[PDB]
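Encoded as C-alpha coordinates, the following chain is the form deposited in one PDB entry, with no partner shown.
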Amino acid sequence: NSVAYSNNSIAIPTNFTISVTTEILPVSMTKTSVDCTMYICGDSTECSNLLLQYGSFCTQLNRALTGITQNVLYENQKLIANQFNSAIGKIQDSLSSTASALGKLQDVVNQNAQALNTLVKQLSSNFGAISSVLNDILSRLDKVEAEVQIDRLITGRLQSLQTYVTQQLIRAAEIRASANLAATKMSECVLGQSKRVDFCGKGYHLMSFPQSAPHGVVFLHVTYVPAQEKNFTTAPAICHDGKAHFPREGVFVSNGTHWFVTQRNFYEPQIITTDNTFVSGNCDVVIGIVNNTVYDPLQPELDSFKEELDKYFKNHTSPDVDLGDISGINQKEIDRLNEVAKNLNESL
(Lines give C-alpha, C1' and ligand atoms only; values in the text may rest on other atoms or scores of the structure.)
Protein backbone atom coordinates (compact mmCIF):
# COMPACT_ATOMS: atom_id res chain seq x y z
CA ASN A 1 0.00 0.00 0.00
CA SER A 2 2.79 2.43 -1.01
CA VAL A 3 1.64 6.02 -1.85
CA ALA A 4 -1.93 5.84 -3.29
CA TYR A 5 -3.39 6.05 0.29
CA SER A 6 -0.75 8.22 2.09
CA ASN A 7 -1.96 11.59 3.34
CA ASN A 8 0.02 14.67 2.89
CA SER A 9 -0.65 18.45 2.99
CA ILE A 10 -1.57 19.75 -0.52
CA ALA A 11 -2.10 23.41 -1.45
CA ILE A 12 -5.60 23.92 -2.92
CA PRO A 13 -6.55 27.43 -4.21
CA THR A 14 -8.46 29.30 -1.49
CA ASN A 15 -8.94 32.45 -3.57
CA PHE A 16 -8.09 34.24 -6.81
CA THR A 17 -6.37 37.34 -8.16
CA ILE A 18 -6.86 38.31 -11.81
CA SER A 19 -3.60 38.49 -13.79
CA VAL A 20 -2.11 38.82 -17.30
CA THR A 21 0.97 37.21 -18.88
CA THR A 22 3.13 38.42 -21.76
CA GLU A 23 4.66 35.20 -23.20
CA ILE A 24 7.29 35.51 -26.00
CA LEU A 25 7.96 32.57 -28.42
CA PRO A 26 10.38 32.75 -31.40
CA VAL A 27 8.72 31.11 -34.47
CA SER A 28 11.40 31.83 -37.14
CA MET A 29 15.16 32.32 -37.47
CA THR A 30 16.89 34.80 -39.83
CA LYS A 31 19.21 33.02 -42.32
CA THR A 32 22.73 33.57 -40.91
CA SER A 33 24.59 32.58 -44.15
CA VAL A 34 28.41 32.59 -43.77
CA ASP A 35 31.12 33.66 -46.18
CA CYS A 36 33.60 30.89 -45.66
CA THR A 37 36.69 32.78 -46.64
CA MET A 38 36.15 35.62 -44.15
CA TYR A 39 35.24 33.11 -41.37
CA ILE A 40 38.27 30.76 -41.71
CA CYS A 41 41.06 32.84 -43.30
CA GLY A 42 39.87 36.46 -43.13
CA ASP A 43 42.24 38.94 -44.80
CA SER A 44 45.23 36.56 -45.13
CA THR A 45 45.78 35.99 -48.84
CA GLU A 46 47.99 32.85 -48.86
CA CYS A 47 45.34 30.76 -47.04
CA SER A 48 42.54 32.44 -49.00
CA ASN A 49 44.03 31.22 -52.27
CA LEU A 50 44.30 27.74 -50.67
CA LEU A 51 40.53 27.79 -49.84
CA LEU A 52 39.66 27.51 -53.63
CA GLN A 53 41.21 24.01 -53.73
CA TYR A 54 38.95 22.87 -50.79
CA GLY A 55 36.15 23.10 -53.41
CA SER A 56 32.67 24.59 -53.02
CA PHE A 57 32.33 23.32 -49.45
CA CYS A 58 31.27 26.81 -48.36
CA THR A 59 28.19 26.62 -50.60
CA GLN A 60 27.36 23.19 -49.18
CA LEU A 61 27.33 24.68 -45.63
CA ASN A 62 25.17 27.56 -46.95
CA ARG A 63 22.58 25.09 -48.44
CA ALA A 64 22.11 24.00 -44.82
CA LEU A 65 21.99 27.47 -43.12
CA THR A 66 19.93 29.15 -45.96
CA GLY A 67 17.34 26.36 -45.51
CA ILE A 68 16.46 25.25 -41.95
CA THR A 69 156.54 9.43 -91.81
CA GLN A 70 154.45 10.80 -94.74
CA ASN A 71 152.50 7.50 -94.94
CA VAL A 72 151.48 7.28 -91.20
CA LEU A 73 150.59 11.03 -91.12
CA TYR A 74 148.26 10.37 -94.13
CA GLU A 75 146.76 7.16 -92.63
CA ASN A 76 146.04 9.27 -89.48
CA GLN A 77 144.38 11.75 -91.95
CA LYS A 78 142.19 8.86 -93.30
CA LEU A 79 141.55 7.70 -89.68
CA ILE A 80 140.34 11.00 -88.13
CA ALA A 81 138.13 11.84 -91.16
CA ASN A 82 136.60 8.29 -91.01
CA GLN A 83 135.93 8.77 -87.24
CA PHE A 84 134.34 12.23 -87.93
CA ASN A 85 132.28 11.20 -91.02
CA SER A 86 130.89 8.20 -89.03
CA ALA A 87 130.23 10.41 -85.93
CA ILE A 88 128.20 13.07 -87.87
CA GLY A 89 125.98 10.29 -89.40
CA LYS A 90 125.28 9.13 -85.79
CA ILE A 91 124.55 12.80 -84.85
CA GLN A 92 121.88 12.90 -87.62
CA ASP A 93 120.27 9.71 -86.16
CA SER A 94 120.53 11.15 -82.57
CA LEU A 95 118.96 14.47 -83.64
CA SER A 96 116.25 13.16 -86.08
CA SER A 97 115.01 10.70 -83.40
CA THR A 98 114.97 13.53 -80.74
CA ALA A 99 112.92 15.68 -83.18
CA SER A 100 110.48 12.76 -83.85
CA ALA A 101 110.19 12.24 -80.05
CA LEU A 102 109.87 15.93 -79.00
CA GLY A 103 107.29 16.41 -81.83
CA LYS A 104 105.18 13.51 -80.34
CA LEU A 105 105.46 15.13 -76.85
CA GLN A 106 104.30 18.56 -78.19
CA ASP A 107 101.40 16.74 -80.00
CA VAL A 108 100.17 14.76 -76.94
CA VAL A 109 100.58 17.73 -74.49
CA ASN A 110 98.36 19.96 -76.73
CA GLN A 111 95.83 17.05 -77.13
CA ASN A 112 95.73 17.00 -73.27
CA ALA A 113 95.20 20.82 -73.22
CA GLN A 114 92.29 20.28 -75.68
CA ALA A 115 90.82 17.47 -73.47
CA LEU A 116 90.88 19.67 -70.30
CA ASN A 117 89.19 22.63 -72.07
CA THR A 118 86.57 20.07 -73.31
CA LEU A 119 86.14 18.83 -69.69
CA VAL A 120 85.81 22.40 -68.27
CA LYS A 121 83.10 23.34 -70.85
CA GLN A 122 81.13 20.11 -70.10
CA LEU A 123 81.51 20.50 -66.28
CA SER A 124 80.51 24.19 -66.50
CA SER A 125 77.34 22.71 -68.08
CA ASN A 126 76.85 20.23 -65.16
CA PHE A 127 77.34 22.72 -62.31
CA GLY A 128 75.13 25.20 -64.28
CA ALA A 129 72.42 22.52 -64.87
CA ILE A 130 72.53 21.31 -61.23
CA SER A 131 72.50 25.00 -60.12
CA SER A 132 69.11 25.54 -61.86
CA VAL A 133 67.44 22.11 -61.23
CA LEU A 134 68.56 21.96 -57.54
CA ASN A 135 67.59 25.63 -56.91
CA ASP A 136 64.08 24.70 -58.19
CA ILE A 137 63.91 21.57 -55.94
CA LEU A 138 64.94 23.86 -52.98
CA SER A 139 62.51 26.70 -53.90
CA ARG A 140 59.53 24.37 -54.46
CA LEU A 141 60.20 22.14 -51.41
CA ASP A 142 60.19 25.35 -49.30
CA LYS A 143 56.75 26.19 -50.81
CA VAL A 144 55.34 22.65 -50.14
CA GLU A 145 56.73 22.60 -46.53
CA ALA A 146 55.00 26.00 -45.98
CA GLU A 147 51.64 25.04 -47.58
CA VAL A 148 51.34 21.76 -45.55
CA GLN A 149 51.40 23.87 -42.29
CA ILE A 150 48.82 26.45 -43.56
CA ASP A 151 46.53 23.55 -44.69
CA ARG A 152 46.86 22.15 -41.18
CA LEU A 153 45.43 25.31 -39.62
CA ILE A 154 42.74 25.68 -42.35
CA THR A 155 41.61 22.07 -41.54
CA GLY A 156 41.32 22.88 -37.77
CA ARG A 157 39.39 26.03 -38.62
CA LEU A 158 37.11 23.87 -40.81
CA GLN A 159 36.03 22.08 -37.58
CA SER A 160 35.37 25.44 -35.88
CA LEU A 161 33.13 26.41 -38.84
CA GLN A 162 31.48 22.89 -38.69
CA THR A 163 30.76 23.49 -34.95
CA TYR A 164 29.33 26.85 -36.04
CA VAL A 165 27.12 25.15 -38.69
CA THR A 166 26.04 22.36 -36.27
CA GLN A 167 25.06 24.82 -33.44
CA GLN A 168 23.24 27.01 -36.06
CA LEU A 169 21.27 23.94 -37.36
CA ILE A 170 20.66 22.68 -33.78
CA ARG A 171 19.12 26.10 -32.87
CA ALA A 172 16.99 26.14 -36.05
CA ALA A 173 15.56 22.66 -35.13
CA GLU A 174 14.65 24.11 -31.66
CA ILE A 175 13.09 27.14 -33.42
CA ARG A 176 10.92 24.77 -35.53
CA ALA A 177 9.70 23.07 -32.30
CA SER A 178 8.96 26.53 -30.78
CA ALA A 179 6.89 27.25 -33.95
CA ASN A 180 4.98 23.99 -33.17
CA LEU A 181 4.58 25.23 -29.55
CA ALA A 182 3.30 28.56 -30.97
CA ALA A 183 0.80 26.53 -33.09
CA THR A 184 -0.72 24.48 -30.20
CA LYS A 185 -0.49 27.50 -27.78
CA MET A 186 -2.24 29.73 -30.40
CA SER A 187 -4.92 27.11 -31.09
CA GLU A 188 -5.89 25.99 -27.56
CA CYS A 189 -5.96 29.52 -26.06
CA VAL A 190 -6.79 32.02 -28.84
CA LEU A 191 -9.39 29.70 -30.50
CA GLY A 192 -10.25 27.93 -27.18
CA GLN A 193 -9.78 28.10 -23.41
CA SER A 194 -7.30 25.67 -21.85
CA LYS A 195 -8.05 23.60 -18.70
CA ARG A 196 -4.29 23.11 -18.03
CA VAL A 197 -2.53 24.92 -15.16
CA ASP A 198 0.30 27.40 -16.24
CA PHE A 199 0.01 26.58 -19.97
CA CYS A 200 -1.21 29.94 -21.47
CA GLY A 201 0.02 32.22 -18.57
CA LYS A 202 0.56 31.65 -14.84
CA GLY A 203 -2.52 30.16 -13.07
CA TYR A 204 -5.80 29.22 -14.83
CA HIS A 205 -6.86 30.44 -18.28
CA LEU A 206 -9.64 32.87 -19.20
CA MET A 207 -8.80 34.37 -22.59
CA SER A 208 -5.91 35.38 -24.93
CA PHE A 209 -4.76 37.85 -27.59
CA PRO A 210 -1.75 37.08 -29.87
CA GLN A 211 0.50 39.81 -31.27
CA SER A 212 3.37 39.44 -33.75
CA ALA A 213 7.06 40.26 -33.29
CA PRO A 214 9.74 40.29 -36.10
CA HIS A 215 10.52 36.51 -35.79
CA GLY A 216 8.04 35.60 -33.04
CA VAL A 217 4.59 35.46 -31.53
CA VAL A 218 3.79 37.10 -28.21
CA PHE A 219 0.68 36.13 -26.24
CA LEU A 220 -1.32 38.30 -23.91
CA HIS A 221 -2.95 35.65 -21.68
CA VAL A 222 -5.64 36.70 -19.22
CA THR A 223 -5.60 34.28 -16.30
CA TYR A 224 -6.42 33.97 -12.58
CA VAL A 225 -3.79 32.90 -10.00
CA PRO A 226 -4.26 31.79 -6.41
CA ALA A 227 -3.92 34.98 -4.35
CA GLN A 228 -4.30 32.77 -1.31
CA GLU A 229 -4.23 28.95 -0.85
CA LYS A 230 -4.43 26.52 2.09
CA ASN A 231 -2.76 23.15 2.66
CA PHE A 232 -5.40 20.50 3.29
CA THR A 233 -4.30 16.99 4.13
CA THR A 234 -5.55 14.64 1.41
CA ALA A 235 -5.34 11.20 -0.09
CA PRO A 236 -5.73 10.41 -3.85
CA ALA A 237 -7.87 7.39 -2.84
CA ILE A 238 -9.22 5.51 0.25
CA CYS A 239 -9.68 1.75 0.65
CA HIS A 240 -12.69 1.00 2.86
CA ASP A 241 -12.87 -2.62 4.11
CA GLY A 242 -10.84 -3.87 1.08
CA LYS A 243 -12.48 -1.67 -1.66
CA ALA A 244 -10.62 1.40 -3.04
CA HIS A 245 -12.74 4.59 -3.46
CA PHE A 246 -11.46 7.59 -5.48
CA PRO A 247 -12.79 10.91 -6.92
CA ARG A 248 -14.40 11.86 -10.17
CA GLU A 249 -12.89 15.26 -11.31
CA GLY A 250 -11.51 16.35 -7.85
CA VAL A 251 -9.47 15.35 -4.72
CA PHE A 252 -10.45 14.11 -1.21
CA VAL A 253 -9.99 17.38 0.75
CA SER A 254 -9.66 16.41 4.40
CA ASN A 255 -11.73 18.08 7.04
CA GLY A 256 -11.06 17.22 10.73
CA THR A 257 -13.85 14.57 10.68
CA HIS A 258 -15.01 13.97 7.04
CA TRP A 259 -13.87 13.43 3.43
CA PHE A 260 -15.13 15.83 0.73
CA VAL A 261 -14.44 15.73 -3.06
CA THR A 262 -13.15 19.27 -3.68
CA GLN A 263 -12.42 20.44 -7.23
CA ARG A 264 -8.57 20.25 -7.55
CA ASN A 265 -8.19 23.93 -8.48
CA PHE A 266 -10.47 25.38 -5.69
CA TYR A 267 -11.50 24.80 -2.01
CA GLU A 268 -15.27 24.02 -2.28
CA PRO A 269 -16.13 20.74 -0.48
CA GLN A 270 -18.87 18.28 -1.59
CA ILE A 271 -19.93 15.01 0.17
CA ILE A 272 -18.72 11.53 -0.97
CA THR A 273 -21.48 9.99 -3.14
CA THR A 274 -21.45 7.31 -5.92
CA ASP A 275 -21.83 10.34 -8.32
CA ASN A 276 -18.68 12.10 -6.84
CA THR A 277 -16.51 8.90 -6.72
CA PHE A 278 -15.57 5.70 -8.53
CA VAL A 279 -15.15 2.35 -6.72
CA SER A 280 -12.82 -0.67 -7.13
CA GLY A 281 -12.19 -4.21 -5.87
CA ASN A 282 -9.68 -6.08 -3.66
CA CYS A 283 -7.68 -2.97 -2.49
CA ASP A 284 -4.50 -3.51 -4.62
CA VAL A 285 -2.16 -0.93 -6.23
CA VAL A 286 -0.92 -1.51 -9.77
CA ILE A 287 2.71 -0.23 -10.04
CA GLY A 288 3.87 1.18 -13.40
CA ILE A 289 7.36 2.29 -14.51
CA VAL A 290 8.18 4.85 -17.24
CA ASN A 291 11.74 5.75 -18.16
CA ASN A 292 12.03 8.45 -20.83
CA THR A 293 15.45 7.59 -22.28
CA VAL A 294 16.23 10.48 -24.61
CA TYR A 295 18.41 8.71 -27.16
CA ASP A 296 21.98 7.85 -26.07
CA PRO A 297 23.84 7.48 -29.39
CA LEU A 298 26.42 5.02 -30.68
CA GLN A 299 29.36 7.45 -30.19
CA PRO A 300 32.29 6.98 -32.65
CA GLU A 301 34.89 5.04 -30.61
CA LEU A 302 38.27 4.51 -32.34
CA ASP A 303 41.46 2.41 -32.01
CA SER A 304 44.62 4.08 -30.66
CA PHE A 305 46.22 6.21 -33.42
CA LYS A 306 49.22 3.78 -33.72
CA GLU A 307 46.92 0.91 -34.88
CA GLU A 308 44.95 3.05 -37.40
CA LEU A 309 48.25 4.58 -38.70
CA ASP A 310 50.30 1.33 -38.93
CA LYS A 311 47.49 -0.28 -41.02
CA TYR A 312 48.65 1.82 -44.06
CA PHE A 313 51.58 4.05 -43.02
CA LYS A 314 55.03 3.44 -44.58
CA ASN A 315 58.09 4.68 -42.64
CA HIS A 316 60.29 4.86 -45.79
CA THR A 317 63.67 6.54 -45.12
CA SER A 318 65.79 7.36 -48.18
CA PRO A 319 69.50 6.41 -47.77
CA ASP A 320 72.35 8.88 -47.03
CA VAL A 321 73.70 9.89 -50.48
CA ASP A 322 77.29 8.80 -51.15
CA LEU A 323 79.06 9.64 -54.43
CA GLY A 324 82.62 9.40 -55.93
CA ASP A 325 85.49 10.56 -53.66
CA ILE A 326 88.04 12.04 -56.11
CA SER A 327 90.60 12.78 -53.30
CA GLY A 328 91.76 9.08 -53.52
CA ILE A 329 93.18 9.41 -57.09
CA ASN A 330 96.59 10.61 -55.72
CA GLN A 331 115.32 21.60 -64.72
CA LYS A 332 118.79 19.96 -64.12
CA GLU A 333 118.98 18.63 -67.71
CA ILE A 334 118.07 22.12 -69.11
CA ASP A 335 120.82 23.55 -66.81
CA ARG A 336 123.31 21.01 -68.23
CA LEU A 337 122.25 21.62 -71.85
CA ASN A 338 122.70 25.43 -71.30
CA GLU A 339 126.12 24.71 -69.65
CA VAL A 340 127.41 22.47 -72.54
CA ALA A 341 126.06 24.92 -75.17
CA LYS A 342 128.72 27.28 -73.72
CA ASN A 343 131.33 24.64 -72.70
CA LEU A 344 131.33 22.96 -76.18
CA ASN A 345 133.20 26.09 -77.48
CA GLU A 346 136.13 24.82 -75.33
CA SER A 347 136.37 22.02 -77.99
CA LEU A 348 135.89 24.21 -81.13
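Sequential numbering from 1, following the sequence displayed.
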query	finding
Unresolved deposited residues lying between neighbours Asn330 and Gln331	4 to 9
Interresidue gap class [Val27, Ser28; deposited sequence, unmodelled]	none
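What comes next is about the form deposited in another entry, which is not displayed.
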query: Point of rigid-part switching between this form and the one not shown, i.e. the hinge, among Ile271, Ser28, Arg157, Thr277; finding: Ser28
